[PDB]
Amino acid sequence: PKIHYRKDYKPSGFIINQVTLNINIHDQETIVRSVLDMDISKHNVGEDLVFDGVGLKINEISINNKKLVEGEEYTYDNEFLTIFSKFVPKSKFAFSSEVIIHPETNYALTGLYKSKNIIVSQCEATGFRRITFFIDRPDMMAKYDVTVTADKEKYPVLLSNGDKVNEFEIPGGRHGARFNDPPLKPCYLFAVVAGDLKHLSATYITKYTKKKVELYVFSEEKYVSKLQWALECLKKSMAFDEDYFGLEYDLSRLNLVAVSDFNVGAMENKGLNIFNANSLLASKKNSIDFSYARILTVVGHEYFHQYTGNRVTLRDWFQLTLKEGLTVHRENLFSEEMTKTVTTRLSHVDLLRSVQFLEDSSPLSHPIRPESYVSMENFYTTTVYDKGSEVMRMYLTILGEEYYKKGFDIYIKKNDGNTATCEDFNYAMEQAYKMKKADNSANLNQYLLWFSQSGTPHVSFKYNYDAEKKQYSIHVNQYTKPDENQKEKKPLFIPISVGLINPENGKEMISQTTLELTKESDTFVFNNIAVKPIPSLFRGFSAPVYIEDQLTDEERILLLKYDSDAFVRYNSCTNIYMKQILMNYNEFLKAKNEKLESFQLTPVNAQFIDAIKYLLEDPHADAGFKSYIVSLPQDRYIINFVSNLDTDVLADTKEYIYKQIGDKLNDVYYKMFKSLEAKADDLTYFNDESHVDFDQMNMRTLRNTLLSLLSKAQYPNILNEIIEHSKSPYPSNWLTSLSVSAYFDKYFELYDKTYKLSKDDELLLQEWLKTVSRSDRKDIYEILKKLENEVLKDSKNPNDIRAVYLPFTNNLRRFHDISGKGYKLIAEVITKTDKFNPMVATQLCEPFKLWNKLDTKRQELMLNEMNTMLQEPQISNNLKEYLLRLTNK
């Protein structure tokens, strides 16, 4: 397998100036004719002309309208088309080809493929070569002139990039459309869509040039009523880029298209963004609440690529985080402003510190700009995206809004229309940094280590207060564990947003302050500090690090109650929980290991429980925040702090802690569940798809979290509430009634009720599948067998497969059954899926990522299944490369 190295980047010996495509869709095949107007670059040294071309059936290839002859003038091996240099012209020439491809049987969903009755392309990263021959790398920019033809009845709507410049009828019930896109673009942003699409549309007038932009959102006819929120989100995205960044859309039209079969969430093809239907379509009657934030973030994300990815492009794939991390950061700024809820930022931190921290301490650990890759499909990772976003956000923390905006505009103005690298962005931020510090000697050279150094830094603290001197000191240390990428880890530039809370009145003691830690350790001293403060550290989660605050639980409770920063309050709660979890875990472990007939458990801190009650009973406190404080930290967060983690002992630990708190607060929980109903389930705007209230959605989250806690606790007659909840019009509510009914004899009655509510909407049925998959059922293995036989069957839809299996893999007690039956089951699903969709098979490997963190018996069970998958003769390149790296082989 070819390893590509970042240091090996070299420009092509060739240039592709113009692409002229004819894509003729027929019943059993698609014919692709392509003329490439090419040239010889200054880097050419007489080499063979090598095109990428994967799975193409050649009808003919030509140079300057002279048919080429196979074996003597070119070789094709189903991966590379090699034209021997003797037959390669030395000046401007035309290469042309006609190939046959087969979208109908393209179940890997890369290149050109059929999703239900829609023909659709997915070309990022290296999928364009599955459509026609190309030098398939993002530094080959070309103009595109694309004609698509098809049966008019099956495919009345034809779309590609650029302006539709012709529409014409063809004998035999066919028709064509020609799309010309003069501005240069890389081939991974090419797209084509053909189908019986229905749409909503609007006109957006840009803020400064007053250009009219036509906005279209498309789906299959059955789901056209689910398009309205997406259109509203697109308008919102457009306005936010104008308002925050001063950036306007440059083209006359923007199309968004939903398809049912998609490997990921969505794709930013220029003027033609293509979406997983679950990330574009929603209605209040047929979607859970999560869909609304999902559509907002995904529509926003693809729109923000128009600058950060499409107008400023990548030189090579090693710069992926420069468009993905930066666009996630732009998307997070947008979402935070649109939702105006503190849980938006908390939810991104929660994902980073569980999923991405796990990845960064796994054998898969890599920096946000890796040094090498084998599979580009495996290159797309939470490290590149989400740690990338936190690295791009730290620039804003360091610079402040005004100078961040100045540096960002320097980046856009200097690189608009050109490729760029991570260094280019750092240079633009450095210029703003010089301006801010009024110091042209200031620099961000150290900041570049965030792109090259893998692993999560640990930041720890000690404090000193001299009452007589009124002098306060914060001593800070940073440390990154050595790994396979660096034997010696260098200190990073770590910005530490800090407040100092007066413990007597809860007030701020200093102005906003960002400590710039640039050494392995430093001491930050504050004078005129009138009383000993409680420090509020890493406000907003200001760096992607393990925070060791070294505070007592009494101090953390005070921050939880009285601090001004939502993250520090939530993190103080998290830290209290974590101390309790580790202590009880060790006590349960010892009792198991020593076969104790009796033992003691350390109870949950009573003042902590009192503080939870105090916040829950505060009517001015935020419902979303409340839902976070009654939930223990995620299992994948906990696992970063325990070696040889016994999942059974952890399940017993969580059970004890939840029972402790519930035994004190269940009556509070129940009272709030009842009092929240009126506002949480208000139907005033149920038939207004444009009216989305994130606060109300957070109140439903709180109710459904409380209902879960009360159901698990078998709170007296709570089943009455569950049954009434099942009649709510909101799917978040009636799907909640299914999963919380798992603890009752009514489960299968609600199983059937919610199935009939769900089965006639493709996306709702998938949410139903997830709810069943996630259900806390002792018979979950028989239930999964039932889903397989009755609902899932042989579906190759990734949404179907992921819905049935991934939630179950988070069932701590049952997926990790000591027999290994859960590992066996998911390995069978991975191997089966790998026959037709390697990239989704690799997604289904996610539960194995922590394999070497578990107890030794479960490590061996997991390792056995991965070795079994690795031994399959037909294993894909994706799956082999991933499991080889994951198993340290």
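The first residue of the sequence shown is number 1, and the count goes up from there.
*Asks:* Using only C-alpha atoms and the B-factors in the entry, which stretch averages higher, 121-129 or 420-428?
*Replies:* Taking the mean B-factor of the alpha carbons in each, 420-428 is higher.
*Asks:* Can you tell me whether 387-395 has a higher mean C-alpha B factor than 600-608 in this record, or the other way round?
*Replies:* That would be 600-608.
*Asks:* From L854, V829, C845, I63, pick the one with the largest CA B-factor in the entry?
*Replies:* Max CA B-factor in the entry, restricted to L854, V829, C845, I63: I63.
*Asks:* Among the candidates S335, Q714, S291, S454, give the one with the maximum CA B-factor reported in the record.
*Replies:* Across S335, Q714, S291, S454, the entry lists the biggest C-alpha B-factor for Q714.
*Asks:* By its CA B factor, does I780 count among the lowest, middle or highest third of the modelled residues in the chain?
*Replies:* For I780, the deposited C-alpha B-factor lands in the middle third.
*Asks:* Among the chain's modelled residues, which third holds the C-alpha B-factor of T833?
*Replies:* For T833, the deposited C-alpha B-factor lands in the lowest third.
*Asks:* Sort the modelled residues of this chain by their C-alpha B factor and say whether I547 lands in the lowest, middle or highest third.
*Replies:* Answer is lowest: the recorded C-alpha B-factor places it there.
*Asks:* Which third, lowest, middle or highest, does the C-alpha temperature factor of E72 belong to within its own chain?
*Replies:* It belongs to the highest third of the chain when residues are ordered by C-alpha B-factor.
*Asks:* By the recorded C-alpha temperature factor, relative to the other modelled residues in its chain, which third is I581 in?
*Replies:* Lowest third of the chain for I581's C-alpha B-factor.
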